[PDB]
S.K.: 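The structure's right below; bear with me while I get my questions together.
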Protein chains: 2
Amino acid sequence: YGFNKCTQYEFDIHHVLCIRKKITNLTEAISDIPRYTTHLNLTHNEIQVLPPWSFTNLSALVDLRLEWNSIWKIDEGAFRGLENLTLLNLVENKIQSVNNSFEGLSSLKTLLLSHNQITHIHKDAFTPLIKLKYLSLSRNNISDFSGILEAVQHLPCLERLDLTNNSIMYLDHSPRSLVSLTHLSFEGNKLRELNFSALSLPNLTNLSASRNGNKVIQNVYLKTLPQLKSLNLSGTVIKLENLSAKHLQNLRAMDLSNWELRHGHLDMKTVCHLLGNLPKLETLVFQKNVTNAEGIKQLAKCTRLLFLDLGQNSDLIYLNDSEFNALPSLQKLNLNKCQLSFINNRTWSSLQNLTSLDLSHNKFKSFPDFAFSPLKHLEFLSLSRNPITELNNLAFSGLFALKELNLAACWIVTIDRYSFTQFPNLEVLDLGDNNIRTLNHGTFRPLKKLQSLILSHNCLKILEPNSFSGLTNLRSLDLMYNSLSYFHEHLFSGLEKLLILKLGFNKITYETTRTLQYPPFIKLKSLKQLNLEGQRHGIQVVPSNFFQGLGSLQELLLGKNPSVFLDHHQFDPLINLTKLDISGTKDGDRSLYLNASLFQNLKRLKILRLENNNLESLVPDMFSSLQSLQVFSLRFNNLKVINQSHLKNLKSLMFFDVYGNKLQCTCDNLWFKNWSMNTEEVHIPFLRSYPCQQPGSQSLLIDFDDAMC
Amino acid sequence: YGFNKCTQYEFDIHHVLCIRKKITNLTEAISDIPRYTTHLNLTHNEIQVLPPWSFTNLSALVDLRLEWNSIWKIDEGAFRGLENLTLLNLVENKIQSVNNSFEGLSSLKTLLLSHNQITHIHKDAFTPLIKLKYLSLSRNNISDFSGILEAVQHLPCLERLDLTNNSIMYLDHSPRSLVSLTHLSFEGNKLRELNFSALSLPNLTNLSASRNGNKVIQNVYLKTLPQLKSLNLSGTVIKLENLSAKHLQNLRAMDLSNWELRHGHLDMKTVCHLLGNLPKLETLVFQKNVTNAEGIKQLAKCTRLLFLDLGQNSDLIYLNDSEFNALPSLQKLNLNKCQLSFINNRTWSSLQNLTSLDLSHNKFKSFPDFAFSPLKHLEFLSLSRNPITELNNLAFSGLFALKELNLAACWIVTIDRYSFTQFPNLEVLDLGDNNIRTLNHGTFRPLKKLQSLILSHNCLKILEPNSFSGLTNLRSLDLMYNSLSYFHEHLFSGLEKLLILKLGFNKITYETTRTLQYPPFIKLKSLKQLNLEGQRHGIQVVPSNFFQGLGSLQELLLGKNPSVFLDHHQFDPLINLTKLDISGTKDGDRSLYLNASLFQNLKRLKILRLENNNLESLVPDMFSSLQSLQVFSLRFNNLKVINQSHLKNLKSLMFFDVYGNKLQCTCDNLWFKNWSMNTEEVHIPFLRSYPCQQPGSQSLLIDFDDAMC
RNA sequence: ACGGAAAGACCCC
RNA sequence: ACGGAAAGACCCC
Ligand SMILES: *[C@@H]1O[C@H](CO)[C@@H](O[C@@H]2O[C@H](CO)[C@@H](O)[C@H](O)[C@H]2NC(C)=O)[C@H](O)[C@H]1NC(C)=O
Ligand SMILES: *[C@@H]1O[C@H](CO)[C@@H](O[C@@H]2O[C@H](CO)[C@@H](O)[C@H](O)[C@H]2NC(C)=O)[C@H](O)[C@H]1NC(C)=O
Ligand SMILES: *[C@@H]1O[C@H](CO)[C@@H](O[C@@H]2O[C@H](CO)[C@@H](O)[C@H](O)[C@H]2NC(C)=O)[C@H](O)[C@H]1NC(C)=O
Ligand SMILES: *[C@@H]1O[C@H](CO)[C@@H](O[C@@H]2O[C@H](CO)[C@@H](O)[C@H](O)[C@H]2NC(C)=O)[C@H](O)[C@H]1NC(C)=O
Ligand SMILES: *[C@@H]1O[C@H](CO)[C@@H](O[C@@H]2O[C@H](CO)[C@@H](O)[C@H](O)[C@H]2NC(C)=O)[C@H](O)[C@H]1NC(C)=O
Ligand SMILES: *[C@@H]1O[C@H](CO)[C@@H](O[C@@H]2O[C@H](CO)[C@@H](O)[C@H](O)[C@H]2NC(C)=O)[C@H](O)[C@H]1NC(C)=O
Ligand SMILES: *[C@@H]1O[C@H](CO)[C@@H](O)[C@H](O)[C@H]1NC(C)=O
Ligand SMILES: *[C@@H]1O[C@H](CO)[C@@H](O)[C@H](O)[C@H]1NC(C)=O
Ligand SMILES: *[C@@H]1O[C@H](CO)[C@@H](O)[C@H](O)[C@H]1NC(C)=O
Ligand SMILES: *[C@@H]1O[C@H](CO)[C@@H](O)[C@H](O)[C@H]1NC(C)=O
Ligand SMILES: *[C@@H]1O[C@H](CO)[C@@H](O)[C@H](O)[C@H]1NC(C)=O
Ligand SMILES: *[C@@H]1O[C@H](CO)[C@@H](O)[C@H](O)[C@H]1NC(C)=O
Ligand SMILES: *[C@@H]1O[C@H](CO)[C@@H](O)[C@H](O)[C@H]1NC(C)=O
Ligand SMILES: *[C@@H]1O[C@H](CO)[C@@H](O)[C@H](O)[C@H]1NC(C)=O
Ligand SMILES: *[C@@H]1O[C@H](CO)[C@@H](O)[C@H](O)[C@H]1NC(C)=O
Ligand SMILES: *[C@@H]1O[C@H](CO)[C@@H](O)[C@H](O)[C@H]1NC(C)=O
Ligand SMILES: *[C@@H]1O[C@H](CO)[C@@H](O)[C@H](O)[C@H]1NC(C)=O
Ligand SMILES: *[C@@H]1O[C@H](CO)[C@@H](O)[C@H](O)[C@H]1NC(C)=O
Ligand SMILES: *[C@@H]1O[C@H](CO)[C@@H](O)[C@H](O)[C@H]1NC(C)=O
Ligand SMILES: *[C@@H]1O[C@H](CO)[C@@H](O)[C@H](O)[C@H]1NC(C)=O
Ligand SMILES: *[C@@H]1O[C@H](CO)[C@@H](O)[C@H](O)[C@H]1NC(C)=O
Ligand SMILES: *[C@@H]1O[C@H](CO)[C@@H](O)[C@H](O)[C@H]1NC(C)=O
Ligand SMILES: *[C@@H]1O[C@H](CO)[C@@H](O)[C@H](O)[C@H]1NC(C)=O
Ligand SMILES: *[C@@H]1O[C@H](CO)[C@@H](O)[C@H](O)[C@H]1NC(C)=O
């Protein structure tokens, strides 16, 4: 019970992976895999042909992925018997034309043919596909649209058709009807026309003709799409006068962005004449130097938007003059990637319905007092990627509804107890990737409802005691990628409800044996996940009482440390532990020590990963207490021998991974070789490929002369 | 030619190291080392006794170190025959009393007995020490100063005696004279008096009585130290009225700093009455809340200083009122670790002789225009560890004499081409550990004479083209610990005098085979040392022409990378290479690839370190071309066999390190065992300690059969 | 968040 | 700059 080229997924035997195995012969590779296989992933190999009965013994397949291969030839019959298949992925291969290879795929719901070199599809290729809802042909070499229509027009269930990034220049002009179709995309083609007369799409809600070339499109006819809800003309040069509001009375969303800033502002008179007559229009995406502040004022008259996106309007440098006041309907406003350096109380005085605002990636160094104060209903505010070194507390006065504040990748140099008084309802605060060096006491005291706090990728060295007081409801705390080293007595004081604590990639290191006067996690009584991966010089000597107080912990990650020494009984408090990972120390005895009886109390452990540690041997009876152990991985070590002793008492074992080791083809492994092939309870990854250590190779553990013992 | 517990130093055979080897029997440990040994270091062991002829076969010793052991017993005779020894280190042992050992130490210049538990020294212990110049008794349990004087007073050459950190409470009161003594320290004792009536030190130049407690010393008499040039009373409470200037007419330097800030300001009238009558006083160290600004003004009248140190004067918050004008003689001024947040050109208007100024570790967020402008002779300025996010360019107007600027560990968020206009003579610029994310073009253009630029530990991701334009004289560039990955076409252009480039601990990583259109080091015509260590994910696939143009290179550091893949002929340009380190990848085949003929051109390579790579095998003929190879280290790998094949053609070899491997006691290692024990041309570290791989151990490769082979 | 874990990857485009 | 290379370190004080 282990295959050659493929492995089962550890947490579902019905999923099979054969990824990056240089597979060239499809049939051989899958010949030894179970008949009960529902998901098979063969991504990233060198498969070239799909023969007439490729999946004979695999008729239970539901999901087949052949992404990133060299498939250029799929024989008729290839997918016969695959009547339960709902997904077929053929992305990134060498397919130039599509033939009648699809018989049997009577349940296929989605077919992905993106990223090939297709020019034509045979008229009858898709006939067996009576359930096909989604078809992707993006990234191909198609210029003949008539031929595609021939191939898809009779599909009974086809809802979404994607032709993005092809070479279609003209639409088709013989009368036809695709009645199931809801989504259609011509993005990134070279359309000269948008005349849909001869094409009836009664149920189309979403059309894209975005990014379609240099030549201006004048020939536009959309009457035949009466249900159309979103029209995407982003980066498409279209004479907007030839658009007709009469043909767009169901439109809810429009995208009129330029391709590049060079193209310049749109004529608001033209735009408003169109937009002003679309009574259902509520979303306008209006990007890339399409307008200035004054044009926003005009737009506000022509329209009644819920969502306006003004991103990448380079001529927006300040907004201080009632620009949005004729738009009180606004719920969501995006002003990201402009050139804004000043914004105040006068621009959005009347936006009392605004709940989401994106100001990220501008030139804000600061904001004046009461700038955001009219927005009494704001729930999401993003200021990410502004050159802000300091928070002007008064700019956020009265934002009592705010639930999420994103300040990631700003330049914030300091915060304190006065920084967040105005956000009593905040739930998520992202301070990641700033420049914060110390955390002062009470900095987050007002944030009574905070659920998630991100402080990662700062330069934190010093955490004052009571830094996190008031965070009674905090569930998640991310402190990854800082320079933290030791823990103060009352560091984690107010955090009794904390579920997740992430401290990986700091400098939490002990250079000698210690018994801490104050175990750092002692107050975290609800903690379920602890990350201590990759301390710069490894955690090294783990203090003997390091994990005291952590009886609720379920997952401990100590992987990627240069060294981890657990000499004593450090895991004794961890009675509810479910998953433990100590992988990647990379040179056994020097980098890893585990006391012989370290795992004794881990009677609920389900997962144990000790991979890439270059282990040379196993400690006797180390794992014998692990009753509930289901997944045991020793992948990428230097183990030479495994036997009944190592595996003693693992009653619940069902995945045991000893791939990437040095198992010797001698009698020492005779019990293992027979048991590993024969057990039906335990899966063993790539077992049938494990090579003999003999320098001559050309021989497998699996074929070991049993007779010699 | 290989020893058991010790090894020779790779670059001077006369140096022997025996560090952290758990040595307990000194004689046994040193029994196999050469008679030509001059430096012997046995630091960090558990040696307890030194028997009567411990160094019998080692009479050539000059430098002997027994630091960090458990020596409590040194027999009479221990150091016999050691007539060339000039240094003996016994620091950090268990010595409680010093007996009459030391016979034979007739050249000993320095004897270190610091960090023991010495209470007494026998009167005749140091009699053989006729050339002893320096004796350290710091960190011991000496309270009997009379007893110490008995032991040193007859030493004919004793110049320096250190008793810092002992328990001496009273001086001795029988008249004596140590005429050779120039330096004496009672720092960190518990002196209740400073009465030197009975102790004549006619040549004493330096006295420290620093850190002697709170109990105020009134009993002061120093007439007997007529040559005294420096008096250190830092942290010692002494009734300054009871000091006499009559007895201190040769004094050049004094330290009157407080112990803690609590002690408060000194009485400036008392201070000045003393100080004003010392005609040679040129250095005053004056720290820890000893004065305020106004006190500086009074001090300026009593004195004519060349160096004034006012560090840690917490009441110095602003200086804007002629504080220093009456001290125009100042050459060096330190004002670090005060609470300074404002300073301007009015405080130091007349300081035209100032050449060094330290403002580090204050609270400067900025400086006003022209603050530093009067200091026209300033050569050195430190502003380290101020919360400065941006440089006010006008604050430095006219500092044309400045040679070194230290801005390390400030909060600097941006600099540009206007940032360094005022420093045409700058030679060293330290910008490490700021918050700089991108480097703009022309940033260092004015610095025509710059030699060393430190930008380490910033957040550099983007280096604009021409970032280093104008740095034609640059010798050293430190860009370690940033986030660099790719370099613009001409980034390292114009740096043709660059000697040293440090790019370690960035993200310089290629995930596939590449042949770079523009190799980044191609213009570095003088580059001698290149550091590329520890890229976050390793350099991985080294581009085929990555080292193009580096024919002048002598040292290439590629260590500490998670992976290094050198598939082709990357090292072919490196014809002058002398040292190569690719250590610490940590798992042979997965993390390290070296083309079979990669070393073909390194005909001048002297040093090759391939350590800690978990290597299992050696590639045939990989090293056959290394004529000049002298040092070859394979320390800490998994090598099982070494033989004639590997060492083929290594004509210049003199050090071959295969310690920490897995060498098998079989016939495969017969050639190696015979060659390694017998060759006198090549040293092999710890050879006689190499154990047999049998799990029972208790056997050495050195004592291997031979009979069946 | 390549902070890859269905992980030890030459990861193309 | 433990950024330890006289290096793979339980590095105390
Ligand atoms: C191979 O295919 C499997 C499914 O057959 C992919 O599985 C998904 O994996 C992600 C995590 O990677 C999960 O969050 C999804 O729920 C999984 N989907 C299903 C249908 O199980 C798998 O990721 C693929 N792997 C690769 C490398 O291509
Ligand atoms: C119209 O089509 C454009 C062009 O594809 C869409 O742009 C993408 O939008 C997604 C989600 O916002 C981004 O993550 C992609 O990076 C965009 N791609 C490009 C090439 O810009 C645009 O979102 C569509 N407009 C609407 C309203 O759907
Ligand atoms: C601001 O939002 C509110 C709340 O969603 C809008 O009021 C609602 O409008 C719908 C449709 O007219 C009604 O059925 C609800 O009864 C209204 N709710 C309330 C609380 O009155 C309001 O129309 C929005 N304002 C603007 C300018 O569009
Ligand atoms: C052991 O003793 C030797 C001297 O015998 C020490 O050598 C010095 O090493 C430093 C660099 O670490 C050099 O810059 C000095 O020149 C060396 N001194 C001499 C006299 O050679 C060595 O550091 C000691 N090793 C340890 C770990 O204590
Ligand atoms: C004398 O004792 C003092 C005080 O203990 C020593 O000073 C300190 O040095 C330690 C050890 O490196 C540091 O951790 C402390 O920060 C220092 N404290 C103070 C008060 O400065 C001093 O080094 C000893 N002197 C000698 C020469 O042994
Ligand atoms: C007088 O003694 C003091 C206190 O012992 C010396 O202070 C030390 O100074 C050195 C050099 O600046 C520092 O590296 C140490 O941190 C200091 N040690 C302590 C314990 O403070 C002081 O330098 C001496 N004064 C003079 C004028 O030499
Ligand atoms: C794959 O292997 C089988 C078994 O040897 C062989 O019959 C068949 O020809 C191979 N198919 C391909 C694609 O070459
Ligand atoms: C399908 O299953 C049967 C039964 O094991 C087997 O004999 C047959 O060869 C299988 N077909 C292929 C091509 O794997
Ligand atoms: C379809 O048939 C043509 C012509 O026989 C062939 O070139 C092509 O490989 C086939 N396509 C696929 C993917 O099977
Ligand atoms: C379409 O083309 C553009 C340009 O390369 C690309 O960025 C985009 O991801 C492509 N979309 C698809 C679905 O292939
Ligand atoms: C289709 O249009 C609607 C708006 O009417 C939009 O919300 C939705 O995301 C669009 N779907 C796609 C996949 O373009
Ligand atoms: C908006 O900003 C500009 C530039 O600061 C200023 O001149 C103008 O008066 C402001 N507008 C109003 C009406 O406040
Ligand atoms: C608008 O800003 C001004 C000036 O900063 C402020 O005084 C005023 O209270 C603000 N108005 C409102 C309603 O928030
Ligand atoms: C160390 O070993 C030698 C010889 O094996 C022995 O004679 C000597 O007495 C030992 N020294 C000590 C201090 O135990
Ligand atoms: C010193 O060397 C002599 C002569 O080689 C040797 O016989 C003797 O054992 C050595 N003495 C000690 C104590 O190592
Ligand atoms: C002691 O030092 C001198 C000075 O170099 C040297 O010539 C002499 O040979 C040395 N003697 C010993 C004991 O090695
Ligand atoms: C000196 O002699 C004393 C008393 O006999 C003894 O306890 C001690 O070990 C000796 N000290 C040293 C360093 O030899
Ligand atoms: C110092 O000590 C001597 C005795 O040694 C004593 O007579 C004298 O009074 C003391 N000097 C002072 C200033 O107290
Ligand atoms: C001795 O004093 C002089 C100043 O007179 C000073 O330069 C030197 O550093 C001192 N030496 C020591 C070890 O303190
Ligand atoms: C400095 O001394 C003054 C009195 O001279 C005192 O008021 C103040 O507390 C001192 N500063 C500190 C930090 O102790
Ligand atoms: C110096 O600065 C302080 C604080 O800004 C100010 O109050 C004081 O008046 C200034 N004094 C002079 C002499 O300018
Ligand atoms: C300043 O330094 C010069 C040059 O060394 C010297 O001659 C002059 O006396 C100094 N001026 C004062 C006031 O010390
Ligand atoms: C001192 O600074 C003031 C204020 O910046 C400036 O006006 C003046 O020119 C400066 N004086 C000198 C001589 O540096
Ligand atoms: C390398 O070394 C030689 C001899 O030391 C020197 O003359 C030459 O300039 C160097 N070659 C290069 C490529 O810089």
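Just so it is clear: chains get the letters A, B, ... in the order the sequence lines come, proteins before strands, and each one is counted from 1. Just the heavy atoms: all of them, side chains too, but no hydrogens, waters or symmetry mates, feed the values below.
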S.K.: What interatomic distance, in whole Å, is found between P of D:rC13 and the corresponding atom of D:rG4?
M.R.: 24 Å

S.K.: Would you mind classifying the nucleic acid contact of B:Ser583 as base, sugar-phosphate or nothing, using non-hydrogen atoms under 4.0 angstrom?
M.R.: base

S.K.: Answer with base, sugar-phosphate or nothing: what part of the nucleic acid does B:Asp12 contact at a heavy-atom distance below 4.0 Å?
M.R.: nothing

S.K.: Return the 5'-most residue of the pair A:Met480, A:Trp68 with respect to RNA chain C, ranking by each residue's nearest nucleotide.
M.R.: A:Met480

S.K.: Does C:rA7 carry a north or a south sugar when the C1'-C2'-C3'-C4' torsion is used to decide?
M.R.: north

S.K.: Looking at every strand, decide which applies to B:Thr513 at a 4.0 Å heavy-atom threshold: base, sugar-phosphate, or nothing.
M.R.: base

S.K.: Anything under 30° is parallel, anything over 60° is perpendicular, the rest tilted; go ahead and classify B:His457 against B:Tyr481.
M.R.: parallel

S.K.: Heavy atoms only, 4.0 Å cut-off, all strands: where does B:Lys560 land among base, sugar-phosphate and nothing?
M.R.: base

S.K.: When all nucleic acid strands are considered with a 4.0 Å heavy-atom cut-off, which category describes A:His457: base, sugar-phosphate, or nothing?
M.R.: base

S.K.: Can you check the distance between C:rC12 and C:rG3, where both ends of the measurement are the P atom (answer in whole Å)?
M.R.: 15 Å

S.K.: Against A:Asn612, only a single residue in A:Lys586, A:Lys560, A:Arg635 fulfils side-chain contact (heavy atoms from CB on, under 4.5 Å); can you say which?
M.R.: A:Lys586

S.K.: So, for B:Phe565 and B:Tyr593, is the gap between ring centers shorter than 6.0 Å?
M.R.: no

S.K.: With under 30° as parallel and over 60° as perpendicular, where do the rings of B:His44 and B:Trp68 fit, or are they tilted in between?
M.R.: parallel

S.K.: Heavy atoms under 4.0 Å, any strand shown: does A:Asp581 hit a base, just sugar-phosphate, or nothing?
M.R.: base

S.K.: If each of B:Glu10 and B:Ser456 is mapped to the nucleotide of RNA chain D with the nearest heavy atom, which maps nearer the 5' terminus, i.e. the 5' end?
M.R.: B:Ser456

S.K.: What nucleic acid atoms does B:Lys507 come within less than 4.0 Å of, heavy atoms only: base, sugar-phosphate, or nothing?
M.R.: nothing

S.K.: According to the interplanar angle, ranging from 0 to 90°, do the rings of B:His683 and B:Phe655 count as parallel (below 30°), tilted (30 to 60°) or perpendicular (above 60°)?
M.R.: tilted

S.K.: Write down the distance separating the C1' atoms in D:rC10 and D:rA1, rounded off to the nearest Å.
M.R.: 23 Å

S.K.: Contact class for A:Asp587 (heavy atom, under 4.0 Å): base, sugar-phosphate, or nothing?
M.R.: nothing

S.K.: Taking for each residue the nucleotide of RNA chain D with the nearest heavy atom, is it B:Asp430 or B:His39 whose nucleotide lies nearer the 5' end?
M.R.: B:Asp430

S.K.: Tell me the partner of C:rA6, counting only Watson-Crick (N1-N3 plus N6-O4 or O6-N4) or G-U wobble (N1-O2 and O6-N3) with both under 3.5 Å; none if nothing fits.
M.R.: none

S.K.: Report which part of the nucleic acid B:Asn41 touches: base, sugar-phosphate, or nothing (heavy-atom distance under 4.0 Å, all strands).
M.R.: nothing

S.K.: Look at the aromatic rings of B:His15 and B:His39 and report parallel, tilted or perpendicular, splitting at 30° and 60°.
M.R.: parallel

S.K.: With heavy atoms under 4.0 Å as the rule, sort B:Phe11 into base, sugar-phosphate or nothing.
M.R.: sugar-phosphate

S.K.: Taking the six-membered ring of B:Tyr486, is the NZ or CZ of B:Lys507 close enough (under 6.0 Å from the centre) and on axis enough (within 45°)?
M.R.: no

S.K.: For B:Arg536, answer base if it contacts any base atom (sugar-phosphate contacts may also be present), sugar-phosphate if it contacts only those atoms, and nothing otherwise; contact means non-hydrogen atoms under 4.0 Å.
M.R.: nothing

S.K.: Heavy atoms of chain A, cut-off under 4.0 Å: which first and last nucleotide of RNA chain C, 5' to 3', fall inside that, if you could look?
M.R.: C:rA1 to C:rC13

S.K.: Using atom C1' of each nucleotide, how far apart are D:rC11 and D:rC2 to the nearest Å?
M.R.: 10 Å

